[PDB]
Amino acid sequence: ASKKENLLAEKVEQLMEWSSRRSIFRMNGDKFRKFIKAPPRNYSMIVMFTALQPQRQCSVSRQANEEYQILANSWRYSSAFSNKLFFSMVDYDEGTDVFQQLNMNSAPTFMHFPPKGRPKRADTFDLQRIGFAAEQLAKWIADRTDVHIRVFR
């Protein structure tokens, strides 16, 4: 109805159209800002910050991405699938400006960006304690969003 309400609905449609072609949205700084930082939003965003370029040989990022793929695939096929939760990734070499804004000097990091407000302490996944099995990522997502993604491989 309102100008801001209509823009929001269009923005969500744009993410749903992206969804038909991708399970994970690969973002540079412009897209990150437009779809994750900019208001308004009524959806949660999960983001994997990664550095997957071969020359860097970031083994952790590589393995973590394999799990994140399994997760986002599980989402895609879920009976719980909706327009209220999306998965994105930001690669260091493509979104360097994003890493700097977030004061990230390494990878990988998984974060939840809620529709309102900023990420809370628990909105950074505790990778160093837990590891990055898709099932553990899913547990964390459930805790932060109440969306329960049941992993399959």
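Residue numbers here begin at 1 and follow the sequence given.
On average the C-alpha atoms of 116 to 124 have higher B-factors than those of the other stretch, with 116 to 124 and 41 to 49 being the two compared. 5 to 13 and 18 to 26 differ in mean CA B-factor, and the higher of the two is recorded for 5 to 13. Looking at the C-alpha B-factors along this chain, the one for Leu71 belongs to the lowest third. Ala107: CA B factor lies in the middle third for its chain, per the PDB record. Among the modelled residues of its chain, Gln57 has a C-alpha B-factor that falls in the highest third, as given in the PDB entry. Annotation for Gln63: CA B-factor lies in the lowest third of the chain's modelled residues.
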